[PDB]
>>> print(open('target13.txt').read())   # compact mmCIF, C-alpha atoms and all ligand atoms
# COMPACT_ATOMS: atom_id res chain seq x y z
CA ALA A 1 70.32 244.14 -61.58
CA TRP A 2 71.54 245.23 -58.09
CA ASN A 3 69.49 247.84 -56.21
CA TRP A 4 71.68 249.76 -53.77
CA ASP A 5 68.70 251.13 -51.74
CA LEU A 6 70.70 253.84 -50.02
CA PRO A 7 69.76 256.98 -48.15
CA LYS A 8 70.31 260.30 -50.03
CA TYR A 9 73.65 261.00 -48.30
CA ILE A 10 75.38 257.59 -49.02
CA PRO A 11 76.71 257.21 -52.50
CA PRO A 12 77.19 253.68 -53.90
CA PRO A 13 80.53 252.03 -53.04
CA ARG A 14 83.34 251.48 -55.54
CA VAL A 15 82.76 248.00 -57.16
CA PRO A 16 85.84 246.29 -58.83
CA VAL A 17 84.79 246.30 -62.50
CA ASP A 18 85.52 242.51 -62.91
CA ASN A 19 83.32 241.52 -59.91
CA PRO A 20 79.84 243.14 -60.49
CA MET A 21 77.22 242.88 -57.68
CA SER A 22 74.29 240.43 -58.05
CA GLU A 23 71.88 238.63 -55.79
CA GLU A 24 73.17 235.19 -56.76
CA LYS A 25 76.66 236.35 -55.83
CA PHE A 26 75.37 237.81 -52.51
CA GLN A 27 73.70 234.59 -51.28
CA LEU A 28 76.62 232.41 -52.26
CA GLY A 29 78.95 234.69 -50.26
CA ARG A 30 76.54 234.50 -47.37
CA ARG A 31 76.69 230.70 -47.38
CA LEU A 32 80.47 230.66 -47.60
CA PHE A 33 80.95 233.36 -44.90
CA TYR A 34 79.07 231.04 -42.50
CA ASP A 35 80.52 227.66 -43.65
CA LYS A 36 83.02 226.02 -41.19
CA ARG A 37 84.25 223.96 -44.15
CA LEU A 38 86.25 226.87 -45.66
CA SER A 39 88.87 226.62 -42.89
CA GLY A 40 91.78 224.13 -43.29
CA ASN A 41 90.64 221.76 -40.51
CA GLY A 42 86.90 222.58 -40.64
CA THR A 43 86.60 224.28 -37.23
CA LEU A 44 85.89 227.94 -38.29
CA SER A 45 83.92 230.02 -40.67
CA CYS A 46 84.53 233.71 -41.07
CA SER A 47 81.49 234.15 -38.94
CA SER A 48 83.36 232.56 -35.95
CA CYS A 49 85.08 235.99 -35.44
CA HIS A 50 82.47 238.14 -37.17
CA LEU A 51 79.22 237.32 -35.29
CA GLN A 52 75.92 238.92 -36.51
CA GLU A 53 74.67 239.25 -32.91
CA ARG A 54 77.53 241.66 -32.26
CA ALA A 55 77.43 243.56 -35.52
CA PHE A 56 79.99 241.11 -37.07
CA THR A 57 82.63 241.27 -34.40
CA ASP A 58 83.85 238.97 -31.69
CA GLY A 59 83.16 240.23 -28.18
CA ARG A 60 86.71 239.11 -27.31
CA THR A 61 89.77 241.35 -26.88
CA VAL A 62 91.56 239.44 -29.71
CA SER A 63 90.43 236.42 -31.80
CA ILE A 64 91.31 232.69 -31.91
CA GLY A 65 92.28 231.19 -35.28
CA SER A 66 91.58 227.65 -36.41
CA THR A 67 94.84 226.22 -34.96
CA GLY A 68 94.24 228.04 -31.70
CA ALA A 69 96.54 231.02 -32.04
CA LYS A 70 95.51 234.50 -30.89
CA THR A 71 95.31 237.39 -33.31
CA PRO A 72 97.46 240.43 -32.36
CA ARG A 73 94.46 242.76 -32.88
CA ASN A 74 90.75 243.04 -32.12
CA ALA A 75 88.37 241.89 -34.87
CA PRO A 76 86.64 244.95 -36.45
CA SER A 77 83.17 244.88 -38.04
CA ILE A 78 82.55 243.76 -41.65
CA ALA A 79 79.33 245.76 -41.99
CA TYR A 80 79.93 248.87 -44.18
CA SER A 81 83.43 247.58 -45.19
CA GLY A 82 82.56 248.22 -48.87
CA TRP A 83 83.04 251.96 -48.15
CA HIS A 84 86.39 251.69 -46.24
CA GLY A 85 89.29 253.32 -48.02
CA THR A 86 91.86 251.14 -46.31
CA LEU A 87 90.91 247.86 -44.67
CA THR A 88 92.13 246.56 -41.30
CA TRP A 89 93.67 248.57 -38.42
CA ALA A 90 96.83 249.97 -40.11
CA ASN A 91 97.67 249.10 -43.72
CA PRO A 92 97.41 251.59 -46.62
CA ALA A 93 98.02 248.71 -49.20
CA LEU A 94 94.73 246.82 -48.44
CA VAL A 95 92.25 248.90 -50.47
CA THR A 96 90.07 246.09 -51.81
CA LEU A 97 88.12 243.38 -50.00
CA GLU A 98 89.30 240.87 -52.63
CA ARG A 99 92.95 241.71 -51.79
CA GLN A 100 92.32 241.80 -47.97
CA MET A 101 90.64 238.44 -47.99
CA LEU A 102 94.02 236.68 -48.61
CA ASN A 103 95.16 237.49 -45.03
CA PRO A 104 92.29 235.63 -43.18
CA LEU A 105 92.44 232.78 -45.75
CA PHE A 106 96.13 232.15 -46.47
CA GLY A 107 97.93 234.17 -43.84
CA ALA A 108 99.94 232.27 -41.35
CA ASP A 109 101.45 234.62 -38.75
CA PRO A 110 98.91 233.74 -37.17
CA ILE A 111 96.71 231.09 -38.87
CA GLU A 112 93.09 232.30 -39.07
CA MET A 113 91.18 230.30 -41.71
CA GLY A 114 94.28 228.16 -42.33
CA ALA A 115 94.31 227.65 -46.10
CA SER A 116 97.75 226.61 -47.41
CA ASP A 117 99.04 225.07 -50.67
CA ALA A 118 99.15 221.72 -48.77
CA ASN A 119 95.31 221.80 -48.30
CA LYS A 120 94.27 224.28 -51.08
CA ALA A 121 92.69 221.63 -53.36
CA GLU A 122 91.21 219.62 -50.46
CA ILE A 123 89.07 222.65 -49.41
CA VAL A 124 87.85 223.35 -52.97
CA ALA A 125 86.89 219.66 -53.50
CA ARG A 126 84.67 219.97 -50.37
CA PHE A 127 82.47 222.45 -52.37
CA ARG A 128 82.59 220.38 -55.64
CA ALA A 129 81.61 217.33 -53.49
CA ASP A 130 78.38 219.23 -52.69
CA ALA A 131 75.08 219.26 -54.64
CA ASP A 132 73.80 222.69 -53.52
CA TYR A 133 77.13 224.45 -53.97
CA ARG A 134 77.36 223.31 -57.57
CA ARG A 135 74.09 225.08 -58.45
CA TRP A 136 75.16 228.29 -56.62
CA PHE A 137 78.64 228.86 -58.12
CA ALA A 138 77.27 227.79 -61.53
CA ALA A 139 74.24 230.16 -61.23
CA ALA A 140 76.50 232.97 -59.86
CA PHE A 141 79.41 232.56 -62.28
CA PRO A 142 77.68 231.38 -65.47
CA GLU A 143 80.45 232.51 -67.84
CA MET A 144 82.83 229.95 -66.32
CA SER A 145 83.87 226.42 -67.31
CA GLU A 146 85.00 225.46 -63.77
CA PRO A 147 83.23 227.88 -61.41
CA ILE A 148 84.44 226.53 -58.03
CA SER A 149 87.90 227.98 -57.31
CA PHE A 150 89.48 230.33 -54.76
CA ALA A 151 89.07 233.33 -57.12
CA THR A 152 85.33 232.49 -57.14
CA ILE A 153 85.18 231.97 -53.36
CA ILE A 154 86.85 235.37 -52.82
CA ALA A 155 84.63 237.12 -55.32
CA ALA A 156 81.44 235.77 -53.70
CA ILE A 157 82.30 236.60 -50.08
CA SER A 158 83.44 240.03 -51.28
CA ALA A 159 79.99 240.56 -52.85
CA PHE A 160 78.31 239.47 -49.62
CA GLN A 161 80.36 241.92 -47.56
CA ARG A 162 79.39 244.83 -49.85
CA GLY A 163 75.78 243.85 -49.23
CA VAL A 164 76.10 244.02 -45.44
CA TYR A 165 74.63 247.45 -44.31
CA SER A 166 71.36 249.06 -43.18
CA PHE A 167 71.47 252.74 -42.61
CA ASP A 168 69.02 252.16 -39.87
CA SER A 169 70.27 253.87 -36.72
CA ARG A 170 68.44 256.50 -34.69
CA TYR A 171 71.19 258.84 -35.96
CA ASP A 172 70.26 257.90 -39.60
CA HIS A 173 66.55 258.45 -38.87
CA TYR A 174 67.47 261.82 -37.37
CA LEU A 175 69.40 262.80 -40.55
CA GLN A 176 66.46 261.74 -42.77
CA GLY A 177 63.87 263.62 -40.64
CA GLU A 178 61.83 260.60 -39.51
CA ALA A 179 63.15 261.06 -35.88
CA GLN A 180 63.80 263.72 -33.27
CA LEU A 181 66.92 263.36 -31.14
CA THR A 182 66.63 263.38 -27.33
CA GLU A 183 67.80 266.40 -25.27
CA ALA A 184 70.85 264.35 -24.11
CA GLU A 185 71.50 263.07 -27.62
CA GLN A 186 71.34 266.63 -29.03
CA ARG A 187 73.86 267.80 -26.45
CA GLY A 188 76.19 264.86 -27.15
CA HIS A 189 75.67 265.49 -30.84
CA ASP A 190 76.66 269.16 -30.57
CA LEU A 191 79.78 268.16 -28.63
CA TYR A 192 80.79 265.45 -31.14
CA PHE A 193 80.54 268.03 -33.99
CA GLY A 194 82.08 270.85 -31.87
CA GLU A 195 85.74 272.07 -31.84
CA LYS A 196 85.92 271.11 -28.12
CA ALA A 197 85.23 267.31 -28.19
CA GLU A 198 86.68 267.20 -31.80
CA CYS A 199 85.29 263.72 -32.82
CA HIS A 200 84.09 264.97 -36.21
CA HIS A 201 87.72 265.39 -37.37
CA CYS A 202 88.22 261.66 -37.50
CA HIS A 203 84.73 260.12 -36.96
CA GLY A 204 82.66 262.81 -38.67
CA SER A 205 81.88 261.43 -42.11
CA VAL A 206 78.54 259.67 -42.91
CA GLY A 207 80.60 256.46 -42.31
CA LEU A 208 81.55 257.92 -38.85
CA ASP A 209 85.21 257.55 -39.85
CA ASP A 210 87.49 259.70 -42.00
CA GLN A 211 88.18 257.14 -44.75
CA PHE A 212 84.80 257.22 -46.48
CA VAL A 213 85.32 256.07 -50.05
CA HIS A 214 82.56 255.63 -52.63
CA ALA A 215 82.45 255.17 -56.42
CA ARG A 216 82.99 258.92 -57.13
CA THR A 217 85.82 259.73 -54.62
CA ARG A 218 88.81 261.41 -56.33
CA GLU A 219 92.14 262.06 -54.52
CA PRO A 220 91.19 260.11 -51.38
CA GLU A 221 91.94 261.38 -47.81
CA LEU A 222 93.26 258.27 -45.94
CA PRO A 223 94.83 259.58 -42.71
CA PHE A 224 96.03 257.62 -39.65
CA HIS A 225 96.33 258.84 -36.01
CA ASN A 226 98.16 258.26 -32.83
CA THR A 227 95.70 258.77 -29.95
CA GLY A 228 98.02 258.34 -26.95
CA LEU A 229 97.04 254.89 -25.69
CA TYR A 230 100.63 254.17 -24.66
CA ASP A 231 104.13 255.53 -24.26
CA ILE A 232 106.16 252.40 -23.24
CA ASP A 233 109.67 253.92 -23.43
CA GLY A 234 108.97 257.64 -22.77
CA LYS A 235 109.55 258.21 -26.56
CA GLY A 236 105.99 257.43 -27.79
CA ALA A 237 106.38 253.67 -28.43
CA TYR A 238 103.36 251.38 -28.52
CA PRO A 239 103.91 247.86 -27.15
CA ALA A 240 104.86 244.97 -29.52
CA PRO A 241 103.18 243.50 -31.54
CA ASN A 242 101.11 246.60 -32.42
CA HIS A 243 103.08 249.55 -33.76
CA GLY A 244 100.38 250.65 -36.19
CA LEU A 245 101.35 252.36 -39.44
CA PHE A 246 105.02 251.98 -38.38
CA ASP A 247 104.86 248.22 -38.96
CA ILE A 248 104.42 248.92 -42.69
CA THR A 249 106.42 252.05 -43.48
CA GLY A 250 109.24 251.73 -40.94
CA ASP A 251 109.11 255.52 -40.53
CA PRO A 252 109.68 256.21 -36.75
CA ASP A 253 107.05 258.93 -36.55
CA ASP A 254 104.29 256.53 -37.66
CA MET A 255 104.59 254.76 -34.33
CA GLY A 256 101.16 254.16 -32.80
CA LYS A 257 99.19 255.46 -35.83
CA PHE A 258 95.95 253.65 -36.64
CA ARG A 259 92.92 254.00 -38.94
CA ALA A 260 89.97 255.74 -37.13
CA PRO A 261 87.22 253.07 -36.97
CA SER A 262 83.61 253.69 -38.08
CA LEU A 263 81.46 254.42 -35.04
CA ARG A 264 78.36 252.79 -36.45
CA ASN A 265 77.33 250.03 -33.98
CA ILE A 266 79.97 251.12 -31.53
CA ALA A 267 77.56 250.31 -28.69
CA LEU A 268 77.67 246.63 -29.86
CA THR A 269 81.36 246.14 -30.72
CA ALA A 270 83.13 246.17 -27.38
CA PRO A 271 85.94 245.72 -26.56
CA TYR A 272 87.62 248.76 -27.97
CA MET A 273 90.78 249.91 -29.54
CA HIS A 274 93.19 248.13 -31.82
CA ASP A 275 94.08 245.55 -29.14
CA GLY A 276 90.82 245.52 -27.13
CA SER A 277 92.45 247.20 -24.14
CA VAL A 278 89.51 249.57 -23.35
CA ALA A 279 86.56 247.58 -21.97
CA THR A 280 83.73 250.13 -22.18
CA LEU A 281 82.65 253.33 -23.88
CA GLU A 282 82.67 255.17 -20.54
CA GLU A 283 86.42 254.54 -20.20
CA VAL A 284 86.92 255.69 -23.86
CA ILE A 285 85.47 259.12 -23.09
CA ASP A 286 87.46 259.35 -19.79
CA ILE A 287 90.55 258.85 -22.02
CA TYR A 288 89.55 261.53 -24.59
CA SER A 289 88.74 263.90 -21.73
CA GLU A 290 92.29 263.57 -20.36
CA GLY A 291 93.98 263.83 -23.76
CA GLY A 292 95.21 260.23 -23.45
CA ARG A 293 95.67 257.18 -21.27
CA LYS A 294 98.02 256.75 -18.33
CA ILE A 295 98.92 253.24 -17.38
CA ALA A 296 100.02 253.24 -13.81
CA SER A 297 101.05 249.65 -13.53
CA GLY A 298 103.37 246.94 -14.96
CA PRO A 299 104.74 245.98 -18.48
CA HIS A 300 102.54 248.49 -20.37
CA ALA A 301 103.18 251.42 -17.95
CA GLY A 302 103.80 254.84 -19.40
CA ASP A 303 101.74 257.86 -20.10
CA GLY A 304 100.25 258.51 -23.52
CA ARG A 305 98.89 261.91 -22.73
CA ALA A 306 102.49 263.01 -22.91
CA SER A 307 103.52 261.11 -25.94
CA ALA A 308 105.45 262.82 -28.73
CA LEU A 309 103.59 261.04 -31.52
CA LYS A 310 100.06 261.92 -30.30
CA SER A 311 97.73 263.77 -32.72
CA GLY A 312 97.45 267.56 -32.65
CA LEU A 313 93.69 267.33 -32.14
CA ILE A 314 93.70 265.31 -28.90
CA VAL A 315 94.22 267.74 -25.98
CA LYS A 316 93.17 267.70 -22.33
CA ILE A 317 89.43 268.56 -22.50
CA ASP A 318 87.93 268.61 -19.04
CA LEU A 319 84.44 267.34 -19.75
CA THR A 320 81.99 267.34 -16.88
CA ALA A 321 80.04 264.18 -15.87
CA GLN A 322 77.08 265.80 -17.66
CA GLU A 323 78.86 266.30 -21.01
CA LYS A 324 80.24 262.74 -20.88
CA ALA A 325 76.86 261.14 -20.40
CA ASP A 326 75.36 263.34 -23.23
CA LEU A 327 78.19 262.22 -25.54
CA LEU A 328 77.69 258.56 -24.45
CA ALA A 329 73.97 259.11 -25.12
CA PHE A 330 74.80 260.19 -28.67
CA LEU A 331 77.07 257.22 -29.41
CA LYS A 332 74.20 254.88 -28.53
CA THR A 333 72.11 256.44 -31.33
CA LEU A 334 74.58 254.88 -33.78
CA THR A 335 73.38 251.25 -33.44
CA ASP A 336 71.34 249.79 -36.35
CA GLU A 337 67.85 248.27 -35.81
CA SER A 338 67.89 245.88 -38.83
CA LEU A 339 71.52 244.60 -39.09
CA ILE A 340 71.63 242.55 -35.87
CA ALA A 341 68.46 240.54 -36.57
CA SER A 342 67.81 240.72 -40.34
CA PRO A 343 67.31 237.31 -42.08
CA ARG A 344 69.35 238.80 -44.95
CA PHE A 345 72.63 238.53 -42.99
CA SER A 346 71.75 235.66 -40.68
CA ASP A 347 73.50 232.28 -40.69
CA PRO A 348 71.77 230.31 -43.51
CA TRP A 349 72.85 226.89 -42.14
CA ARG A 350 70.61 227.42 -39.01
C1 LIG A 401 90.03 233.77 -36.08
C2 LIG A 401 89.93 235.22 -36.47
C3 LIG A 401 89.37 235.64 -37.78
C4 LIG A 401 88.82 234.87 -38.90
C5 LIG A 401 88.67 233.39 -39.13
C6 LIG A 401 88.48 235.95 -39.82
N1 LIG A 401 88.68 237.17 -39.38
FE1 LIG A 401 88.37 238.93 -40.44
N2 LIG A 401 89.45 239.92 -38.98
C7 LIG A 401 90.02 239.44 -37.88
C8 LIG A 401 90.91 240.38 -37.14
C9 LIG A 401 91.57 240.15 -35.81
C10 LIG A 401 90.93 241.55 -38.02
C11 LIG A 401 91.70 242.83 -37.86
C12 LIG A 401 92.94 242.57 -38.74
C13 LIG A 401 94.09 243.52 -38.45
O1 LIG A 401 94.02 244.73 -38.69
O2 LIG A 401 95.11 243.06 -37.92
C14 LIG A 401 90.06 241.11 -39.16
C15 LIG A 401 89.74 242.00 -40.30
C16 LIG A 401 88.75 241.84 -41.37
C17 LIG A 401 88.39 242.90 -42.35
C18 LIG A 401 88.83 244.36 -42.44
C19 LIG A 401 87.58 245.12 -41.95
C20 LIG A 401 87.74 246.62 -41.75
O3 LIG A 401 86.87 247.22 -41.07
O4 LIG A 401 88.70 247.22 -42.26
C21 LIG A 401 87.45 242.21 -43.25
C22 LIG A 401 86.71 242.73 -44.47
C23 LIG A 401 87.44 240.85 -42.67
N3 LIG A 401 88.13 240.68 -41.55
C24 LIG A 401 86.64 239.79 -43.24
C25 LIG A 401 86.89 238.35 -43.09
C26 LIG A 401 86.41 237.31 -44.04
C27 LIG A 401 85.70 237.46 -45.35
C28 LIG A 401 86.85 236.11 -43.33
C29 LIG A 401 86.83 234.67 -43.67
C30 LIG A 401 86.21 234.18 -44.94
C31 LIG A 401 87.46 236.61 -42.13
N4 LIG A 401 87.37 237.90 -41.94
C32 LIG A 401 87.97 235.68 -41.14
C33 LIG A 401 89.66 238.12 -37.36
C34 LIG A 401 89.26 237.02 -38.21
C1 LIG A 402 92.60 263.05 -34.44
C2 LIG A 402 92.03 261.67 -34.23
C3 LIG A 402 90.89 261.32 -33.35
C4 LIG A 402 90.05 262.17 -32.49
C5 LIG A 402 90.05 263.66 -32.22
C6 LIG A 402 89.17 261.14 -31.91
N1 LIG A 402 89.35 259.87 -32.34
FE1 LIG A 402 88.33 258.15 -31.70
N2 LIG A 402 89.78 256.95 -32.61
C7 LIG A 402 90.77 257.37 -33.41
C8 LIG A 402 91.72 256.32 -33.83
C9 LIG A 402 92.91 256.44 -34.76
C10 LIG A 402 91.23 255.15 -33.11
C11 LIG A 402 91.83 253.79 -33.15
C12 LIG A 402 92.98 253.91 -32.16
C13 LIG A 402 93.57 252.58 -31.76
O1 LIG A 402 92.83 251.57 -31.62
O2 LIG A 402 94.81 252.52 -31.56
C14 LIG A 402 90.05 255.67 -32.38
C15 LIG A 402 89.16 254.84 -31.56
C16 LIG A 402 87.82 255.18 -31.01
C17 LIG A 402 86.89 254.20 -30.38
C18 LIG A 402 87.02 252.70 -30.30
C19 LIG A 402 86.65 252.26 -31.74
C20 LIG A 402 86.60 250.76 -32.08
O3 LIG A 402 86.03 250.38 -33.14
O4 LIG A 402 87.11 249.90 -31.35
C21 LIG A 402 85.75 255.05 -29.97
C22 LIG A 402 84.47 254.72 -29.29
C23 LIG A 402 86.19 256.40 -30.36
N3 LIG A 402 87.36 256.45 -31.01
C24 LIG A 402 85.36 257.59 -30.15
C25 LIG A 402 85.82 258.98 -30.08
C26 LIG A 402 85.07 260.08 -29.41
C27 LIG A 402 83.78 259.97 -28.66
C28 LIG A 402 85.97 261.23 -29.69
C29 LIG A 402 85.93 262.66 -29.31
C30 LIG A 402 84.79 263.15 -28.48
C31 LIG A 402 87.05 260.67 -30.46
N4 LIG A 402 86.92 259.35 -30.72
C32 LIG A 402 88.14 261.53 -30.92
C33 LIG A 402 90.89 258.76 -33.85
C34 LIG A 402 90.39 259.94 -33.16
CA CA A 403 85.88 246.20 -30.89
>>> encode(input="target13.txt", output="structure tokens", more="lines below")
Ligand code: HEC
Ligand code: HEC
Ligand SMILES: [Ca+2]
Amino acid sequence: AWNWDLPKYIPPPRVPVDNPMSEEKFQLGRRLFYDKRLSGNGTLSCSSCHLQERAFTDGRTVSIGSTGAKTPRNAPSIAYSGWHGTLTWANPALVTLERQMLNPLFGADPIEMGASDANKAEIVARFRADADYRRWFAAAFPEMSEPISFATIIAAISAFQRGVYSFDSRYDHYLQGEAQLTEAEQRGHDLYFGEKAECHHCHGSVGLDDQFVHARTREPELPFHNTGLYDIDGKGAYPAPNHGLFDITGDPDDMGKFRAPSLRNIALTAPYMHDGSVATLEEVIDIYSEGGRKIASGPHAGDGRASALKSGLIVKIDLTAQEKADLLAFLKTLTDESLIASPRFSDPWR
């Protein structure tokens, strides 16, 4: 029977009623997440792009799929993903990890894991060909005649992902009362939650996002935001291939709108932004201070501070070098102790 083991302030996540949590399901998912044999040609596991060492992200601006194509976007973290209202960077239709998983697995455009109908069965057989995997699926899905399929692979990995969290940060300790925040950290903190810096509007939930969804959430929030990273045409256009919410609705005023990412482990998940185009957290704050980014040079040139689509809440906010460092100091309190080195989420294959 699954113990959530949550702080007071985190309610349990919504679990799809036909895929209940269990420890057998968790460990199977962990083995499959890290197994290079789930990809079409056997070169990549999920963990290739979602490294533990980096809070389950890549360290690269974009990622490299199993046939060697680049992804159009930066690989976000999978930690805490059980609480995300909408999964990836800009898609209101992906609202379940089970559903989302089909993209990395079967998506071409571009190939990531590289599972097609041509190799579908071949992959599955690889797990039936294995002694240890037969125990696991069997022990995890006991009500099933044939318990190694793709519905079973998705269910397991989904369970694993819901088990990936540790509300372990200095910020979390602070909120529980086990820790005092630094003078710098307090001053960054008061900025973050103040109507000058404004970060709590979009990064101010206990998930440090504004799409926090648990198992009690009714009438969910779900907003998206243009933050003025670009204005390619002088009309607020973001460069192809990343239009954000526009790419799904076709509505012109959703151009450059993205989900606000959770800021948990932000210190560890650089590069930043939807396309990895901001190298450091110092440059991020520079950008918020100016109400947007100005690209002075080449193909991406334009000024996002002046974009028409930009959010109401991002204005020019002349923050002093002091206030910027205090705010940077506060973002560094959002890294987890456990997560990066816990045996629980480590590669089980060595
Ligand atoms: C070679 C690259 C690559 C592989 C392989 C890959 N991912 Fe991803 N992952 C991405 C990128 C890039 C995104 C961002 C997608 C987007 O919005 O365009 C992503 C997004 C996600 C998200 C949404 C997270 C959020 O915060 O909303 C989850 C969950 C996820 N991946 C899990 C998986 C699982 C499970 C596997 C394989 C079993 C997998 N990933 C394989 C690169 C990859
Ligand atoms: C009204 C919306 C809004 C406000 C205000 C806002 N953000 Fe964001 N933030 C976003 C969105 C949306 C993105 C993703 C944008 C993209 O990649 O195109 C983002 C991206 C980020 C990233 C990179 C995240 C990642 O996972 O790669 C950091 C760091 C960040 N914000 C911190 C801040 C700080 C610090 C403030 C204010 C002091 C702030 N934000 C104010 C919505 C906002
Ligand atoms: Ca990143």
>>> residues_near_ligand(input="target13.txt", ligand="ligand CA 403 (chain A)", cutoff="12 Å", atoms="all atoms listed in the file", output="number ranges by chain")
A: 49-51, 54-63, 73-78, 89, 261-281, 284
>>> closest_atom_pairs(input="target13.txt", of="segment 18-41 of chain A", to="segment 341-348 of chain A", cutoff="8 Å", atoms="all atoms listed in the file", output="CSV")
residue,atom,partner,partner_atom,distance
A:30,CA,A:345,CA,7.1
A:31,CA,A:348,CA,6.3
A:34,CA,A:347,CA,6.0
>>> atom_distance(input="target13.txt", atom1="atom CA of residue 110 of chain A", atom2="atom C9 of ligand LIG 401 (chain A)")
9.8 Å
>>> atom_distance(input="target13.txt", atom1="atom CA of residue 121 of chain A", atom2="atom CA of residue 17 of chain A")
27.5 Å
>>> axis_aligned_box(input="target13.txt", around="ligand LIG 402 (chain A)", padding_each_side="5 Å", output="AutoDock Vina command-line options")
--center_x 89.3 --center_y 256.8 --center_z -31.6 --size_x 21.0 --size_y 23.8 --size_z 16.3
>>> closest_residue(input="target13.txt", among="A:235, A:132, A:42, A:113", to="residue 253 of chain A", atoms="all atoms listed in the file")
A:235
>>> residues_near_ligand(input="target13.txt", ligand="ligand LIG 401 (chain A)", cutoff="8 Å", atoms="all atoms listed in the file", output="JSON, numbers by chain")
{"A": [32, 33, 38, 39, 44, 45, 46, 47, 48, 49, 50, 62, 63, 64, 65, 66, 70, 71, 72, 73, 74, 75, 76, 77, 78, 79, 80, 81, 84, 86, 87, 88, 89, 90, 91, 97, 100, 101, 104, 105, 111, 112, 113, 154, 157, 158, 161, 261, 262, 274]}
>>> residues_around(input="target13.txt", residues="residue 333 of chain A", least_positions_apart="2", cutoff="12 Å", atoms="only C-alpha atoms", output="tab-separated table (two decimals) with C-alpha atoms, keeping the file's coordinate frame")
chain	number	residue	atom	x	y	z
A	167	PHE	CA	71.47	252.74	-42.61
A	168	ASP	CA	69.02	252.16	-39.87
A	169	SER	CA	70.27	253.87	-36.72
A	170	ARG	CA	68.44	256.50	-34.69
A	171	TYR	CA	71.19	258.84	-35.96
A	172	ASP	CA	70.26	257.90	-39.60
A	173	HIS	CA	66.55	258.45	-38.87
A	174	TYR	CA	67.47	261.82	-37.37
A	175	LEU	CA	69.40	262.80	-40.55
A	179	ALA	CA	63.15	261.06	-35.88
A	180	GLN	CA	63.80	263.72	-33.27
A	181	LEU	CA	66.92	263.36	-31.14
A	182	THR	CA	66.63	263.38	-27.33
A	184	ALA	CA	70.85	264.35	-24.11
A	185	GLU	CA	71.50	263.07	-27.62
A	186	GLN	CA	71.34	266.63	-29.03
A	188	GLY	CA	76.19	264.86	-27.15
A	189	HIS	CA	75.67	265.49	-30.84
A	263	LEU	CA	81.46	254.42	-35.04
A	264	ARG	CA	78.36	252.79	-36.45
A	265	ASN	CA	77.33	250.03	-33.98
A	266	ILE	CA	79.97	251.12	-31.53
A	267	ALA	CA	77.56	250.31	-28.69
A	268	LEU	CA	77.67	246.63	-29.86
A	326	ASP	CA	75.36	263.34	-23.23
A	327	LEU	CA	78.19	262.22	-25.54
A	328	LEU	CA	77.69	258.56	-24.45
A	329	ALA	CA	73.97	259.11	-25.12
A	330	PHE	CA	74.80	260.19	-28.67
A	331	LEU	CA	77.07	257.22	-29.41
A	335	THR	CA	73.38	251.25	-33.44
A	336	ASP	CA	71.34	249.79	-36.35
A	337	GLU	CA	67.85	248.27	-35.81
>>> closest_residue(input="target13.txt", among="A:225, A:293, A:350, A:300", to="ligand LIG 402 (chain A)", atoms="only C-alpha atoms and all ligand atoms")
A:225
>>> closest_residue(input="target13.txt", among="A:24, A:221, A:290, A:53", to="residue 202 of chain A", atoms="all atoms listed in the file")
A:221
>>> residues_near_point(input="target13.txt", point="(100.2, 253.2, -37.5)", cutoff="10 Å", atoms="all atoms listed in the file", output="list in words")
residues 89, 90, 91, 92, 223, 224, 225, 226, 238, 242, 243, 244, 245, 246, 247, 248, 249, 250, 251, 252, 253, 254, 255, 256, 257, 258 and 259 of chain A
>>> atom_distance(input="target13.txt", atom1="atom CA of residue 85 of chain A", atom2="atom CA of residue 194 of chain A")
24.9 Å
>>> closest_residue(input="target13.txt", among="A:227, A:307, A:322, A:145", to="ligand LIG 402 (chain A)", atoms="all atoms listed in the file")
A:227
>>> closest_residue(input="target13.txt", among="A:83, A:160, A:193, A:212", to="residue 20 of chain A", atoms="all atoms listed in the file")
A:160
>>> decode(input="target13.txt", residues="segment 95-99 of chain A", atoms="N, CA, C and O atoms", output="compact mmCIF listing (two decimals), in the first residue's frame")
# COMPACT_ATOMS: atom_id res chain seq x y z
N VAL A 95 -2.22 15.84 -20.38
CA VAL A 95 -2.63 16.10 -18.99
C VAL A 95 -2.39 14.87 -18.14
O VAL A 95 -2.65 14.89 -16.93
N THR A 96 -1.90 13.81 -18.79
CA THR A 96 -1.51 12.57 -18.14
C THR A 96 -0.16 12.11 -18.64
O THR A 96 0.15 12.22 -19.85
N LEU A 97 0.66 11.59 -17.72
CA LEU A 97 1.94 11.01 -18.07
C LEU A 97 1.78 9.83 -19.02
O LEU A 97 2.55 9.71 -19.97
N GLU A 98 0.76 8.99 -18.80
CA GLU A 98 0.49 7.88 -19.72
C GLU A 98 0.30 8.39 -21.16
O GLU A 98 0.96 7.90 -22.06
N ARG A 99 -0.56 9.38 -21.35
CA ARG A 99 -0.77 10.01 -22.65
C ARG A 99 0.53 10.60 -23.19
O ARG A 99 0.94 10.21 -24.29
